[PDB]
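Next come structure tokens for two forms of one protein chain, structure 1 first, structure 2 second.
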Structure 1
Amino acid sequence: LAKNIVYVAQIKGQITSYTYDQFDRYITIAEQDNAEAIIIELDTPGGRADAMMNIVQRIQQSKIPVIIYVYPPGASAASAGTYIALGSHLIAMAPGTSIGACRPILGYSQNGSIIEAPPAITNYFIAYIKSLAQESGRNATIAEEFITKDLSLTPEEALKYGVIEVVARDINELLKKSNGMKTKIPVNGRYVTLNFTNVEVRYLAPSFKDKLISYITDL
């Protein structure tokens, strides 16, 4: 039991009910193993509000820090993924990645045309995103604009505007740079200082089910 463990997992594609299950499974593994943290490499272009809210909640109740890492280069945490990022203990972005564009919608027509929701539901998600940002000490002005302006930011813009905490090219740089940082939200009632000196990195493989279901959603 005299080890320091960081888990790394991968989450890719639409945020659905199934994505909740993955988040729950990986975070649960890390908790049961008393990990110092879990890093989630996140690449998601969109998803559902309900699954997103359930994931933020599961991260809020996590017994270990959850670091959302927008990875690999070219990844995005757009739409539902931005809320997940904003709801977490720390956000890192890889070079060539994107955060933002969070406008809520009722979905897509037969055309593939955009079905915007009523004005008051936009206001509801503005409130929600402002809440997540203020609870984690992040820029709620820019967060609001993720919705009202469909604003999208590069990693360096995200850092300068005080939306994320780290820009890192890989897991190793991420660990080096986030070492000694405080979580932006508590872990079990307490803001925690990340201890990543002498850490063992453990990669959690996506299962066959994860890949199959992701690939089917994909199309």
Structure 2
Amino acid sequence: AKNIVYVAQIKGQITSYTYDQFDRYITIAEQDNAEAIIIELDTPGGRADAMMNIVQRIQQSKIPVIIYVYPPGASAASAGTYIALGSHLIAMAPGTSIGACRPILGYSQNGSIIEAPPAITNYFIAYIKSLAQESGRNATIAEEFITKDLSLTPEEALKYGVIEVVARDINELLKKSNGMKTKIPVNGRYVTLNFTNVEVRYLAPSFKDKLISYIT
């Protein structure tokens, strides 16, 4: 396991395409046999099924996946919260948000907003509790992301034990995450993070990415 961290960005709505991005990035770092991949996340939500695919990809990752809510002013909201909860380590930049996972179903008329039945609401509730329980995070706050449309500032998040590192940039993330233990196992093994002599590689989107980012 090389001491080499990868960094990549994921921004915008979560789609089937977002899964392709997460998969592509996690693989490159997997191939190369990395220490970790940091994914800078900024999402107002998106598709449930793509989200659940991403959470699985991350849960099944051979290297630890750090979800970093970044840059300042980003949010990991609705679907992006689960991605974050499903991860080996969450960091948040100052000025960012996590939560606000109230499920709506769509839009009714000229001006309205349709609330989801309790049946499917109870699924996501229980889905989020489990991600939270699984990782050793605040299952009780997690649920509130849904039940009380609850959002969190980074300082709250870390105090409630919802996230682990608050960091201004990738250098400070790497400093404050050194000798941290992943909140979930990696291919069967808990991993203890070692960013002492670490070299960082930054991955860029593709031209296809930017195009879909334009359209969507």
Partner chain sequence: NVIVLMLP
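Here the rigid core means the biggest group of C-alpha atoms that line up within 1.5 Å when the two forms are laid on top of each other. Only residues modelled in both forms are compared. Numbering for residues begins at 1 and runs along the sequence of structure 1.
Handout entry: Identity of the form deposited without its partner chain among structures 1 and 2
Key = Comparing the pair, one sees that structure 2 is the form deposited without its partner chain and the remaining one is not.
Practice task
Tell me, please, whether between structure 1 and structure 2 the C-alpha of residue 124 is shifted by 2 Å or more, with the rigid core used for superposition.
Solution key: No; residue 124 is a residue whose C-alpha shifts by less than 2 Å between structure 1 and structure 2 when the cores are overlaid.
Practice task
Superpose on the rigid core and then read off how far the CA of residue 115 has moved between structure 1 and structure 2, in Å.
Solution key: Its C-alpha moves by 2.1 Å once the cores are overlaid.
Practice task
Could you tell me how many Å the Cα atom of residue 190 shifts between structure 1 and structure 2 when the rigid core is held superposed?
Solution key: Comparing the two forms, residue 190 shifts 1.2 Å at C-alpha.
Exercise for the section: Could you list, in sequence order, the stretches of three or more consecutive residues moving 2 angstroms or more at Cα between structure 1 and structure 2 on a rigid core superposition? Expected result: The segment that shifts (3 or more residues, C-alpha shift of 2 Å or more) is 107 to 113 alone.
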